[PDB]
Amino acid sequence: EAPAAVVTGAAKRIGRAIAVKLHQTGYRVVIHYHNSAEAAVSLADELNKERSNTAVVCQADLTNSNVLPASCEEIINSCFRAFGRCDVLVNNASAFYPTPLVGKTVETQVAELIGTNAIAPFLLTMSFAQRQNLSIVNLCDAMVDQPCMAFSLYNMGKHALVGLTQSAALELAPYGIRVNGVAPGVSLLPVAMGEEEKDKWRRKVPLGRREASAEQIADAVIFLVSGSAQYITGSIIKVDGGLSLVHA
C-alpha cells in the first residue's frame, strides 16, 4: 500500500503545493485546514479524481490552548483512520503578523504565533512518534537571523521550531524517524501586501530577482521525505535564492 502524509495548513499556497507534490509522488494525503474548508475539500476532490480515496481533510485550530494537545492527537489519528498508517508529517501551518514591543490581546498573539509555529508542531511530533521511511518536515524561515522589524513573537516561534527540528531529530533517530526543515525566504507574498512593496522584496533576491514559487519549496520537501535523503536528519535546507546572504 501507498504511504500516507499529513500536511498542516494544506488548503492554499505553499501547503497546497506540498500536498499535491506528495500526492503526485504517490502518497495518500491528509489536508489539514483551519478556516479554508472550501479550498481544502476542493483540493481533496481534485486529488481524489486522480486516484479514488487518496485524500481526506481535517479541521483544527492550532492556536495554543488546553485543547491543543487533543486536536493534534486527532490530526494524526485521522491519517491512521483513513489510511492505516502515517509515514510523513509536514508542519506547514503558521500564523504570521507584527507584534511591536513598543485588536488581539498580547496573550492571544502569544497563543497563535507560538502555538502554530512551535507548540503544535511539538505536539503533532509527539503524537506522530507515539503512534508508530518515516520523516517529519518543518517549514522554517531562512530569515530567522535577520528578522522582519517588530515580528519578535513570530520570529521566536520559528527559532523554537528550529530547536524542535534538532531535538526531535536527536531523540527520534532511534525510531528511524528523520526530522528536517525547509526554510523559504520570500516565496509567495501575501495578496494583502502592496505591489510596490512586493517588487522591493523580489529585487533583493540574488538568484533571479524573483520569489520562489510554491512548487520550488515543495521540491525541497519531496527530496527530504525521499529515499535519497535517508541519512539526512536535523538538517534545514534554505530555499531562498541567496536572500539570506545579502547584507543590509
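Superpose the two forms; the largest set of C-alphas matching within 1.5 Å is the rigid core. Just count from 1 along the sequence shown to find any residue number.
Trainee: Relative to the presented form, and with the rigid core used for superposition, do the C-alpha atoms of 28-36 or of 194-202 deviate more in 8 other deposited structures of this protein?
Mentor: If we average over structures and residues in 8 other deposited structures of this protein, the farther stretch is 194-202.
Trainee: If the other structures are each fit on the rigid core, which stretch ends up farther away in C-alpha terms in 8 other deposited structures of this protein, 184-192 or 208-216?
Mentor: Output: 184-192, the stretch lying farther off on average in 8 other deposited structures of this protein.
Trainee: Would you mind checking whether any residues of the deposited sequence sit unmodelled between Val102 and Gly103, and how many (none, 1 to 3, 4 to 9, 10 or more)?
Mentor: 4 to 9 residues lack coordinates between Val102 and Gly103.
Trainee: With respect to the deposited sequence, is there a break between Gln132 and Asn133 in this entry, and if so is it 1 to 3, 4 to 9, or 10 or more residues, or none at all?
Mentor: According to the record, 10 or more deposited residues lack coordinates from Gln132 to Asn133.
Trainee: Would you tell me which stretch averages the higher CA B-factor in the PDB entry, 220-228 or 9-17?
Mentor: The entry gives the higher C-alpha B-factor average to 220-228.
Trainee: Per the record, averaged over C-alpha atoms, which has the higher B-factor: 33-41 or 200-208?
Mentor: Looking at the recorded C-alpha B-factors, 200-208 comes out higher on average.
Trainee: Looking at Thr125, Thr108, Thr116, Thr165, which has the highest CA B-factor as recorded?
Mentor: Among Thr125, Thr108, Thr116, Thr165, the PDB entry lists the largest C-alpha B-factor for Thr108.
Trainee: Return the residue from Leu172, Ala150, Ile76, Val137 that has the highest Cα B-factor in the entry.
Mentor: Of the options given, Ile76 has the highest CA B-factor in the PDB entry.
Trainee: Looking at the entry's B-factor column for C-alpha atoms only, identify whether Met143 ranks in the lowest, middle or highest third of its chain.
Mentor: CA B-factor rank for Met143: highest third.
Trainee: Against its chain's modelled residues, does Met156's Cα B factor rank lowest, middle or highest third?
Mentor: Middle third of the chain for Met156's C-alpha B-factor.
Trainee: Looking at the temperature factor on the CA atom of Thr63, which third of the chain's modelled residues does it land in?
Mentor: CA B-factor rank for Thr63: middle third.
Trainee: What third of its chain's C-alpha B-factors does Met193 belong to: lowest, middle or highest?
Mentor: As the PDB entry reports it, the C-alpha B-factor of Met193 lands in the highest third of its chain.
Trainee: With respect to C-alpha B-factor, does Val182 fall in the lowest, middle or highest third of the chain as deposited?
Mentor: According to the entry, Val182 has a C-alpha B-factor in the chain's lowest third.
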